[PDB]
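Presented as structure tokens, the chain that follows is alone, the form deposited in one PDB entry.
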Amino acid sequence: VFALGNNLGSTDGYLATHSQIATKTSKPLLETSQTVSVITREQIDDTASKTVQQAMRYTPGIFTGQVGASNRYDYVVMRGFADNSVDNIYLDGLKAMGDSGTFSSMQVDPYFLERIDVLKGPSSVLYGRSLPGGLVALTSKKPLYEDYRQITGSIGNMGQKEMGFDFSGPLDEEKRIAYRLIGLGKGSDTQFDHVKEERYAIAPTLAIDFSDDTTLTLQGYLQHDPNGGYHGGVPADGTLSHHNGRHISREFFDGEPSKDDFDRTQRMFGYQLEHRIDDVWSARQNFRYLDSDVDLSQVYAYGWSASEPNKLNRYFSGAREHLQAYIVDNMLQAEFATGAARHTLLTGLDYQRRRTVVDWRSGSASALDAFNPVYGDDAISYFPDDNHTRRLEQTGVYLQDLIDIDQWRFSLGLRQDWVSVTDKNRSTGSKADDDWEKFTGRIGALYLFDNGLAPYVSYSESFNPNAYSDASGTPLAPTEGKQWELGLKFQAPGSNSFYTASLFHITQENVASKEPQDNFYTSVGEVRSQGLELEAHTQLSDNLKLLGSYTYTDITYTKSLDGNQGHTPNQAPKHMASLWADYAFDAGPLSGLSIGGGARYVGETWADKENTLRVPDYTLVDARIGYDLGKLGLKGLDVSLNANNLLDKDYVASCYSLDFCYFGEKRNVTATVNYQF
């Protein structure tokens, strides 16, 4: 049992029944007055999703192409909110604790995950600092109480290789103590020349039941990325149009080898303490400590040469970053009735503390020819170094009541945050400080008809520290999100099908804004995003599965001083849609055989804020083939073949600006062997 901080429920194929992402306590999706999606392990495997970001490509209201084919960082753009998207990720109920002002953003490998939950819209009432589009919660694999061993091996195009193991089971005869150990070695060249991706990782977990009332789970996670793939972009000039010839830049071009490093080491440890005091009272403590090192050397293009026509100007970023982060969450929950109302009453206290020590380097590099490049001119003319020590502290006190009365399901939430942010410039000695407090609230109401139909309304709020400063150096007031949401959910009792529609209106306040010829940013900007998301999980035939999604997003700068008032942010398609299907045969000569595939539509988008050039829309096809060799007398050994972007479309996924456009991933072919015993 133990609802507190756990999803529970069941999962079948691609469909989960319950989640805790919106409640911090197990609640059926059908009875939750928020838009929640769950991506199961199976879905992650079936679509051959290599990253958390790619796992999200069949979920509505999420755009997955912020830096195109890059896999260095997880960019999950929700309801159109691309800024600070890298900070959307929670792991096991706790913020990842990276610093989106630095290069020190963490990445969790999907191999270690049981599920991915997605919460749309402002959600600070239970989490604190966060973005107005929503948040993502990763649930790691946990120790199983029966023996489970799996070895996995994979090989594909682009020099893709991966090997992993996954071992779990009990350690005593009474099954009160259990362990899990997951390992991973993997690598890939990219579609990009002179680029490499490489990762090694291990995660030990240990669960100990003390009594019927207490479980303690201890977790470690150690990950080393000696190479971080590609994190570059090139001008719209030679990608969305020709440049100086029919010359268009290849989907394979680079910056400078011999000065191309990205080394990221992540060391996490934590525990989850679950104690039931009563059938009424339960308590939980989630704790995670993170220590990471990032080392970066990157020469990159910035515009065309004014001198040499088919050459790009290049610049250099270098970084040595050490991040230390503590997060704890303390929860107390009472479940009780007051006459005809059932209350699930949660009070909590959470604490985040982060310290980032950064040494930044910058300079100018040699110009490079975009078509037919000559490498080896790696001399840099360095600019003044920039060294900082960044600190962030957040203390939150929150209270929630989930009230069930008759068919009504109500949600009431209140939270108070104290945030302290420091920036010491170690090059100049100057120190910026800022302390403030924010209240946030949420009210939700849902009606559960006994046919499985649930309409609902929700009001929700968020805040996030402002990335920009008055430029007098103090940070600006934190941004604020406010959402009204109307939704409809449907599950047919008994059916493994689930349908939802979500209508949303989000306002983001205090966004930084300035006149183009102004020095000082000011916090008077405003962004509004409204739209509709439709999502369907359909089961038929006992062996045909289906996923469908449609998204409409109207996001606008409703208030700006920069001359882009009324405009639509770049990287925000008005329309997206997807569909996936998987057919298995369980009887006949084709037994143990699986076939699946799907398609993904991303509407046209703006290349630039100033809305002067469009990035073409695109439709991509994914396919898979699998076979359980168990049917041939090889028990627990099965084989998969995957292909994403099957038609191998060469396209620009998105652009950060007219100077930085990103190529989508080329065809990815993958073949995997899994062995249980």
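Whichever C-alpha set is largest while still superposing within 1.5 Å between the two forms counts as the rigid core. Residues that one form lacks are left out of the comparison. Residue positions are given as counts along the sequence shown, with the first one as 1.
Omitted here: the form deposited in another entry. The next part is about that form.
**Item:** From 250, 186, 320, 314, residue displaced between this form and the one not shown - CA threshold 2 Å or more, rigid core
**Value:** C-alpha shift of at least 2 Å: 250.
**Item:** Direction of the Cα shift between residue 251 and residue 608 in that other deposited form, where the change is 3 Å or more
**Value:** It is farther: the C-alpha separation of residue 251 and residue 608 rises by at least 3 Å in that other deposited form.
**Asked** What happens to the Cα distance from residue 250 to residue 599 in that other deposited form: does it get closer or farther than here, with a change of 3 angstroms or more?
**Response** Closer in that other deposited form, by 3 Å or more.
**Item:** Sequence-ordered runs, three or more residues, C-alpha shift 2 Å or more between this form and the one not shown, rigid core
**Value:** Flagged stretch (3+ res, CA at least 2 Å): just 246 to 254.
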